Amino acid sequence: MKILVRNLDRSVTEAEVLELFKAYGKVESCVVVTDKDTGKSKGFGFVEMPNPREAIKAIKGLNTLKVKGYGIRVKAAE
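Parameters at a glance
- Residues numbered from 1 in each chain as written, not as in the entry; some residues may be left out.
- Heavy atoms only, no water.
- Pairing = 2+ DSSP bridges.
- Helix = DSSP H or I, 4+ residues; strand = E, 2+ residues; numbered from the N terminus.
- Axes fitted to C-alpha atoms, helices over the stretch in contact; angles between N-to-C directions.
- Contact = heavy atoms within 4.5 Å.

This entry lists X-ray crystallography as its structure determination method and reports a resolution of 1.6500 Å.

So this is what it looks like as structure tokens:
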């Protein structure tokens, strides 16, 4: 399952996001975009968890979690 992550602070790192999704299951890939072209609020990420039941658990678990002061938004790409 492909998972979309939004509202990332420019200080959020790929390893930070990875550690969060790994609380829920196996993570096959984690792409995080926090540039200066994104704002300290509008970074985004794309996470692949191959077990869809783990992905769903992570979506429910992590959506609206504050990371660096912004509630992140997590949902399936589909």
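J.: Can you help me understand the sheet that holds strand β3 (residues 43–48) in this one?
T.: Overall, antiparallel pairing links the 4 strands, which are arranged β2-β3-β1-β6 in an open sheet. Pairing within the sheet leaves two strands with one partner each, and these edge strands are β2 (29–33) and β6 (73–76). Here the strands of the sheet are splayed against their neighbours by 15 degrees on average, with no regard to which way each runs. Pairing analysis gives 4 bridges linking strand β1 (residues 2–8) to β6, with the strands arranged antiparallel. Residue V5 lies in a different strand from β6, and its bridge partner there is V74. Along the sheet, helix α1 (residues 14–21) makes contact with β1, β2, β3 and β6, crossing β2 at roughly 135 degrees. Where helix α2 (residues 52–62) meets the sheet, its contacts fall on β1 and β6, and the angle it forms with β6 comes to roughly 155 degrees.

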